[PDB]
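K.L.:
Below is the structure I would like to discuss, written out as structure tokens.
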Amino acid sequence: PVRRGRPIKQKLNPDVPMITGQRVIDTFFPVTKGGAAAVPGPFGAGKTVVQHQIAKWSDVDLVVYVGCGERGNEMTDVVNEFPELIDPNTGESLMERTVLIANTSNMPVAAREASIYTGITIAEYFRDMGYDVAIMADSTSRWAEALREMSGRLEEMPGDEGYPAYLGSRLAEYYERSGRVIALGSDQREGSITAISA
Amino acid sequence: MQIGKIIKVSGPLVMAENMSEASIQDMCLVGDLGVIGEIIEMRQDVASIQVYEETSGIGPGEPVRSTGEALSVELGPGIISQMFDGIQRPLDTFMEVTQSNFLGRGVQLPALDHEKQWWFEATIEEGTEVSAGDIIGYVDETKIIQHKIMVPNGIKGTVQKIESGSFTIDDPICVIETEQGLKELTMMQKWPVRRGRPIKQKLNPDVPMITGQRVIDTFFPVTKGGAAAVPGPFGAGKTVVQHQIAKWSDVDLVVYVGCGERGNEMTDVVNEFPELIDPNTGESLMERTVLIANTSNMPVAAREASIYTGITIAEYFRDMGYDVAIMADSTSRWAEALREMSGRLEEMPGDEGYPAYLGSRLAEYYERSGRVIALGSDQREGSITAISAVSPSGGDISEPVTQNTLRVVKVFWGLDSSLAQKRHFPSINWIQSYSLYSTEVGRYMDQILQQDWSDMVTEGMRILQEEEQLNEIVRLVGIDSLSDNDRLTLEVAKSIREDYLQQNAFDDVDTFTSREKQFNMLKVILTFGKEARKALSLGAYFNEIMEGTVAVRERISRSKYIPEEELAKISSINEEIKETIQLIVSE
Amino acid sequence: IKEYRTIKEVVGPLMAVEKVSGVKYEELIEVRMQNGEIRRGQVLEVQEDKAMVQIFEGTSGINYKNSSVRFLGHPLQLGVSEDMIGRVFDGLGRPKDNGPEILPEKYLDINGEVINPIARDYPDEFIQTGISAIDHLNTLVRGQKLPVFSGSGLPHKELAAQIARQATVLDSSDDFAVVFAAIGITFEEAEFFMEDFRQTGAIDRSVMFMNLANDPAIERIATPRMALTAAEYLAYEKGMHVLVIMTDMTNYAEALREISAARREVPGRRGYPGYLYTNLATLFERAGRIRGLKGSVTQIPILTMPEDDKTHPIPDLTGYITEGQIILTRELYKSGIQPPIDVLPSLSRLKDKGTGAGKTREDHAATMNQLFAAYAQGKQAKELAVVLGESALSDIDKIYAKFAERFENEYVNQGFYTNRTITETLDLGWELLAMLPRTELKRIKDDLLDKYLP
Amino acid sequence: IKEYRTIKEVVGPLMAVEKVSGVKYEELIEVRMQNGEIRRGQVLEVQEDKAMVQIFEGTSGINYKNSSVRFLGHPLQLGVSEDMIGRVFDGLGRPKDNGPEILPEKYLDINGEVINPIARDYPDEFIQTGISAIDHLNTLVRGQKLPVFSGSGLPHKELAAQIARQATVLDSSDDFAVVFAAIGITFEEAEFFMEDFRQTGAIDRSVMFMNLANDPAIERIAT
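So this is what it looks like as structure tokens:
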């Protein structure tokens with residue numbers, strides 16, 4: 192199920208810092224394996240180039256890019272410039288270690304809401320195998336506007352700026368599923384899901 | 001006996017069938033527990049009850065019993081020196097019967113002691129035709145107050161049998177032959193808290209209440225039957241001013257009502273109020289005080305009906321011919337409970353998240369206080385003076401409940417935290433406070449002591465208002481660059497502040513200042529200003545006045561400690577001031 | 002108990018059960034599905050033979066035809082016992098840690114009962130938190146409701162953990178305990194508490210109720226009532242000095258609006274329920290002393306002010322039920338001040354009850370007002386220095402400016418693992434007053450200067 | 002004449018009378034309670050044999066079964082007469098000055114009628130109020146709607162009393178009258194006007210309608 196986390200032995204404290212390669216992050220504002228990080232990414236700030244640097248020079252084993260209600264023109268850029276990224280060690284295409292999810296803005300609303308839950312569920316499957324996964328959510332703001340649309344379709348009580356009153360609980364359920372945990376099994380292998388959102 | 005059956009329980013709302021005999025606003029006992037509830041809506045035999053206590057553990061099929069009466073209050077011997085909640089449950093007896101320090105739900109106890117033996121001394125004569133309010137006897141309930149037994153409303157007939165003996169509040173003490181037939185009367189009567197006690201005639205209060213507090217009784221006086229609003233900012237000593245009014249005011253009874261309060265603030269009232277000592281009798285102040293105590297955790301209806309219970313009790317003693325003083329703390333926390341009750345009824349939100357009838361409920365409260373002509377052939381007079389405290393979050397006085405309160409009341413004692421930090425007690429802002437009785441009280445004052453008291457208060461206030469304008473100029477140019485007339489005005493105002501406005505409630509003599517002591521104290525201060533100003537226009541420097549008037553100014557400063565039987569020592573200051581000033585200009 | 006197989010409607014987290022009798026309001030239910038999954042629930046409304054229930058875990062995957070409902074016949078209860086000290090429980094009291102399950106002495110409703118106003122006792126004795134900003138300037142008193150106002154991302158979890166370790170009563174004949182209630186916090190904060198409480202041995206003096214952020218919203222609302230029920234049991238029945246710490250109280254209000262939005266109820270200010278003031282008062286007023294009883298309940302609720310605004314409904318309504326606040330500012334945290342406690346907007350309404358000789362030294366209130374007034378002019382001169390340079394500052398204005406700098410780095414900034422006794426805090430306050438000349442110290446009496454001033 | 006003992010529902014300030022006939026909108030009613038208390042009310046909605054009414058004095062303590070409703074058949078009216086000059090009435094128009102009630106010439110709906118735009122005349126003559134600012138900087142004219150904006154605590158109470166005494170026309174070829182309407186004011190404020198009007202003799206050429214703050218809001222609207 193896409194709205195239900197995968198069972199684990201126990202969740203651990205995320206303490207191993209993730210080697211992102213970027214000097215500004217790894218020195219002053221780092222993120223550990225299984226930690227979370229938010230990115231505004233305004234116009235002209237070059238967040239497109241930054242996301243690729245975190246997607247290529249990160250010691251994670253798998254990358255899950257999720258687009259929750261993104262603009263189409265922006266989305267077709269990510270579609271094109273992702274199989275071009277070369278792997279630092281092997282040298283093959285980055286798609287050999289990447290599961291991509293793409294939703295256009297004019298696409299069905301429920302697909303844009305279930306997008307953030309699909310990638311985190313797939314990342315949990317690779318995490319149970321013992322790999323360190325990293326899921327990139329861009330842009331989580333458009334996913335919040337998808338909830339605001341579904342809340343209006345169900346005639347729910349308005350919250351702040353129209354967003355539903357359970358917007359915080361839905362966000363909490365998302366980031367709480369990611370992290371450095373101990374997968375199920377008789378060997379107690381460890382995996383991690385580092386969450387980066389725009 | 002008619003019993004209803006619960007058909008629905010949804011949160012604080014419980015609906016019951018077989019309620020045809022019950023009427024709107026009647027109290028009920030809901031469920032096996034019997035939790036207190038009130039009928040809000042009623043359609044056919046099915047009534048909609050708003051339960052006041054917790055409804056957890058209550059389901060359909062449980063019995064519901066209607067008391068056959070709205071929220072009432074028992075009025076008889078045993079009501080004084082008792083601490084009740086909003087619905088007038090005796091906290092003292094409740095704790096003993098429960099044998100626990102907590103409040104269990106479903107525990108129903110009578111407000112008064114229906115088993116205590118009181119000696120009823122009958123003053124009425126047999127064969128007398130009596131109406132509502134006619135006094136048939138009395139009971140010495142406390143050492144300070146004599147509880148007077150009066151004929152309840154609706155009873156009108158001829159007394160047939162009256163006897164003096166020790167009875168309970170349930171035993172019939174008198175038999176009256178009404179037009180319908182014989183009816184018995186006891187020492188205790190019930191009355192709905194949401195209905196005002198009938199009066200013969202309402203009179204405007206033109207007699208000032210003697211609180212003994214100089215700043216109040218002089219500049220911002222309240223009248224017997226008026227209403228004063230006090231805002232409570234932390235650290236301003238509202239408790240001290242409330243205590244001084246409760247014990248020094250010339251009122252027969254004092255009713256203290258706690259609508260809502262922090263458990264530690266309400267505990268401060270429960271401990272410190274019984275320790276107040278009535279000055280005349282020397283007994284405890286509770287011997288003439290009825291206290292009502294609620295907290296935030298207590299039911300909202302008890303918090304909302306707190307001021308209506310306390311003012312009904314005050315009306316009960318008002319009809320006997322007594323002067324009662326009712327103090328509510330806080331009306332703001334009462335308004336919060338009112339808004340929560342409004343939310344339970346799904347009512348439409350008014351201005352600033354308050355029910356649209358917020359001003360009406362406040363007007364219905366203060367319009368029950370005042371000097372009235374009570375019922376009965378005696379045509380005796382009684383009064384109720386309201387001293388309500390307003391607590392606004394952030395200290396803003398523009399909050400709805402204060403502006404609606406100030407639209408009705410005529411007195412306002414603006415407490416100031418900045419004055420309390422300067423050790424200025426009572427911390428009452430003399431520029432922001434006001435009283436609309438100042439003109440009528442001034443006429444009363446000039447008549448009783450045959451002096452121009454009204455012209456002195458206006459001058460004393462004019463000097464204080466001139467000090468404020470000078471302080472703004474002082475901050476810009478300095479104190480030294482002022483005329484000697486301006487320098488004298490600042491010292492005259494400093495004398496009014498330190499020697500008159502400031503009084504210590506703990507000092508044995510300074511805690512209370514009689515009316516004649518207030519007159520001579522303000523006169524010697526104004527007399528010094530007149531004689532100094534007159535000599536200042538004769539070529540005398542301001543420094544020269546202060547040099548040769550050190551001994552007299554100190555005697556003026558310590559005039560607040562002169563005993564009441566030594567006011568001649570405060571009257572001779574004027575003759576000393578006159579001789580000293582003219583001696584200075586002669587040199 | 003018999004099972005009911007009549008489920009007429011399933012609409013969201015609510016569920017309609019029919020043909021039942023003897024069902025009461027707010028009682029617990031258990032739902033057995035086709036799969037056999039067990040899910041707790043609570044009755045929200047019952048009329049005639051119908052009954053409306055709300056499931057905690059959710060309503061996903063439930064078939065109305067092939068499911069059953071069991072009515073336990075009791076509301077939400079907590080098995081209180083003296084063995085709860087040293088154990089970690091979930092939101093509703095189940096053993097969260099891997100320890101032996103306790104044998105309940107009794108079961109109590111989480112709502113409790115209201116304290117009799119004449120039975121409540123005034124706060125008197127002083128509680129030493131070991132923090133100079135909370136022991137000297139904003140003293141804590143037995144039975145006081147003194148909250149902490151913080152911001153999102155500010156070190157309020159280290160502060161709450163520090164007070165739980167250092168809180169003590171200076172009397173020998175007493176038992177001290179802490180009831181730490183985590184409310185809708187993340188795993189990383191929950192891991193920080195449970196690990197720190199066992200690292201310093203503070204868990205041996207604490208009863209922890211850990212409620213996560215992904216836990217159901219019902220458990221988030223029940224978590225305070227659960228912990229407060231165990232708090233009143235240890236204090237009023239076992240006679241212990243109980244200190245209650247709640248975090249996060251903003252998450253509690255966020256759970257009320259989420260529930261209020263599901264109940265289709267009308268919102269009040271800022272969408273929060275109109276009964277937020279009363280629902281919070283139900284929790285904060287469950288504290289204080291009781292006549293004849295040695296135990297007491299003291300509450301330190303920690304809440305995060307949304308948008309760092311004090312006029313927000315959550316911090317505003319809390320000020321109407323509590324007796325002060327402890328403000329945490331980001332500016333002090335930017336300068337490494339730990340704990341970042343701004344003493345200017347913080348206050349304790351009952352601070353005068355636990356000071357003076359016999360509860361502290363004779364110079365507690367005197368140095369409090371002098372340090373407060375000196376730190377005011379110091380930050381006033383610092384703010385005035387940015388506007389018109391450092392040239393316009395006078396000699397005393399530069400002295401007070403250096404005072405405010407040292408008052409932050411040496412007095413307030415003590416570290417989250419430094420337990421200053423009350424004597425060290427007062428002696429340190431006199432050391433900082435030594436910067437100012439004796440002429441500036443007007444409030445302190447001349448007899449006190451000759452005795453303590455270095 | 003007809004007395005209706007069929008009260009179906011009592012929901013808040015509103016009652017529901019069933020099996021009724023001939024009830025019109027805004028019709029004034031009169032509720033006879035089971036304890037002899039009489040409360041008057043107004044009709045807000047009427048359909049089929051049902052009727053929704055609103056009680057002025059409130060709904061407290063009303064038992065649906067043992068209470069009756071009397072439909073008077075007339076809307077809110079006022080007993081107009083020349084004998085109203087020098088008398089004090091309440092919000093509903095009933096006597097208040099402890100004086101003998103007077104018989105009226107006719108009854109008129111308080112809603113009034115709209116003046117025909119062609120039959121209306123322009124204001125033509127000024128009114129002497131005795132106040133310098135009202136008679137010079139500003140000017141009052143016969144038929145003008147000139148309000149006084151004030152605030153809480155301001156002496157707008159004494160000003161309205163001053164104008165009522167000093168209002169006259171020069172020369173006084175025709176009669177001058179003053180209709181004073183007190184709307185939801187306190188008792189001491191209402192007792193101020195009554196004592197001031199009788200002391201100065203301004204009551205002799207004025208009619209006073211006094212509605213207190215503790216009076217029902219319906220009376221405050223009809224005042």
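Residue numbers (the deposited numbering), protein chains in the order written: chain C, 192 to 389; chain A, 1 to 587; chain D, 2 to 455; chain E, 2 to 224.
We put the CB at the ideal spot given by N, CA and C, even for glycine.
1. Start and end of the alpha helix (DSSP H) containing E:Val115?
2. Might you give, ordered along the chain, the residues of its own chain that have their beta carbon closer than 7 angstroms to the beta carbon of C:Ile311, omitting 5 neighbours on each side?
3. Apply the 10 Å Cβ neighbour rule to A:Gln160 and answer buried if 16 or more other Cβ atoms are within range, or exposed otherwise.
4. What are the boundary residues of the beta strand (DSSP E) that D:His313 is part of?
5. Quick one: which chain A residues come within Cβ less than 9 angstroms of D:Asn112?
6. Who are the neighbours of D:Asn117 on chain A, taking C-beta pairs under 9 angstroms?
7. For A:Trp413, report the span of its alpha helix (DSSP H) as first-last.
8. Do E:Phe177 and E:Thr187 have their C-beta atoms within less than 9 angstroms of each other?
9. Since D:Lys360 contacts D:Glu126 with CB under 8 angstroms, what's their CB separation in whole angstroms?
10. Indicate whether the contact test is met: 3 or more Cβ pairs, each with one atom in the segment 188-198 of chain D and one in the segment 365-378 of chain D, closer than 8 angstroms.
11. At which residues does the alpha helix (DSSP H) containing D:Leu372 begin and terminate?
12. Relative to the alpha-carbon of A:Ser393, which residue among A:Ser332, A:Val51, A:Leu362 has its alpha-carbon at the smallest distance?
13. For A:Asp278, which residues of its own chain have a beta-carbon under 8 angstroms away from its beta-carbon, when the five flanking residues on both sides are left out?
14. Given a cut-off of 9 angstroms on the beta-carbon distance, is the pair residue 261 of chain E and E:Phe198 in contact?
15. Using the Cβ count rule (16 or more neighbours within 10 Å means buried), how would you classify A:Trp119?
16. What span of residues does the beta strand (DSSP E) with A:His147 cover, start to end?
17. Given A:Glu399, which residues of its chain have a CB within under 6 angstroms of its CB, disregarding the five upstream and five downstream residues?
18. So which residues on chain C does D:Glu192 lean against when the C-beta distance must stay under 7 angstroms?
19. According to the neighbour-count rule (16 or more other Cβ atoms, all chains shown, within 10 Å of its Cβ), is E:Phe150 buried or exposed?
20. Which of the three DSSP states, helix, strand or coil, is assigned to residue 662 of chain A?
21. Give a yes or no on whether the C-beta atoms belonging to D:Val142 and D:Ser349 are separated by under 9 angstroms.
22. By the three-class DSSP mapping on this structure, what secondary structure does A:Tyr138 have?
23. Closest to residue 230 of chain E by CA distance: which of E:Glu159, E:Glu28, E:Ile39, E:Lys107 is it?
24. For residue 588 of chain A, which beta-bridge partners are listed by DSSP?
25. Buried or exposed: which applies to C:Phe219, given that a residue is buried once 16 or more other Cβ atoms fall within 10 Å of its Cβ?
26. Please report the distance separating the alpha-carbon of A:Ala328 from that of A:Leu419.
27. Compare the beta carbon distance of A:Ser296 and D:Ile322 with 9 angstroms and say whether it is the shorter of the two.
28. Within its chain, find whatever has a CB closer than 6 angstroms to the CB of C:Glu315; leave out the 5 residues flanking it on each side and keep chain order.
29. Could you have a look at D:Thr279 and say whether DSSP puts it in helix, strand or coil?
30. Could you tell me whether the segment 248-264 of chain D touches the segment 112-127 of chain D, using the rule of 3 or more Cβ pairs below 8 angstroms?
31. Please list the partners that C:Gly350 has in chain G, where partner means a Cβ-to-Cβ separation under 8 angstroms.
32. Taking Cβ-Cβ distances shorter than 9 angstroms, what residues in chain D pair up with C:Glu364?
33. Report the start-end ranges of each beta strand (DSSP E) in the segment 168-209 of chain A that is 3 residues or longer and not cut off at the edges.
34. What distance in whole Å lies between the Cβ atoms of E:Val54 and E:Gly37, which are believed to be in contact at a cut-off of 8 angstroms?
35. For chain A, check one thing: does any of its Cβ atoms lie closer than 9 angstroms to the Cβ of D:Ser395?
36. If you follow the beta strand (DSSP E) that D:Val81 is part of, which residue opens it and which one closes it?
P.N.:
To lay it out plainly:
1. E:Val115 -> no alpha helix (DSSP H), and no H or E assigned at all.
2. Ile326, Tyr365, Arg368, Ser369
3. A:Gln160 should be labelled exposed.
4. From DSSP, D:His313 is part of no beta strand (DSSP E); its letter is neither H nor E.
5. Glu54, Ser56
6. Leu91, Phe94, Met95, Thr98, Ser100, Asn101, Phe102, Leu103
7. Looking at the DSSP string, A:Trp413 is not in any alpha helix (DSSP H), and its letter there is neither H nor E.
8. no
9. 7 angstroms
10. The segment 188-198 of chain D is not in contact with the segment 365-378 of chain D.
11. 365-388
12. Checking every option, the nearest Cα to that of A:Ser393 belongs to A:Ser332.
13. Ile144, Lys247, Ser284, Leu285, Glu287, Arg288
14. Any question about residue 261 of chain E goes unanswered here, given that chain E covers just 2 to 224.
15. So A:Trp119 ends up on the exposed side.
16. Judged by DSSP secondary structure, A:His147 falls within the beta strand (DSSP E) whose first and last residues are 147-150.
17. If the five residues before and after A:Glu399 are omitted, its C-beta is found closer than 6 angstroms to the C-beta atoms of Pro392, all from its own chain and listed in chain order.
18. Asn204
19. In the assembly as shown, E:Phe150 is an exposed residue. Its beta-carbon has fewer than 16 other beta-carbons within 10 Å.
20. Residue 662 of chain A falls outside the range modelled here, since chain A spans only 1 to 587, and no answer is possible.
21. yes
22. strand
23. Residue numbering for chain E in the displayed model covers 2 to 224; residue 230 of chain E lies beyond these limits and cannot be assessed.
24. As displayed, chain A neither begins before 1 nor continues past 587, which places residue 588 of chain A out of reach and without an answer.
25. Its Cβ having fewer than 16 others within 10 Å, C:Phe219 is exposed.
26. Cα to Cα, A:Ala328 sits roughly 24 angstroms from A:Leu419.
27. yes
28. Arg197
29. Residue state, collapsed to three classes: helix.
30. no
31. Of the protein chains in this structure, namely C, A, D and E, none is chain G.
32. Annotation: Cβ neighbours of C:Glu364 in chain D (cutoff 9 angstroms, chain order): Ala214, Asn215.
33. 174-178, 182-185, 189-192, 201-203
34. Actually they do not touch by this definition, with Cβ atoms about 19 angstroms apart.
35. no
36. It spans 78-81 - the beta strand (DSSP E) in which D:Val81 sits, taken as one unbroken run.
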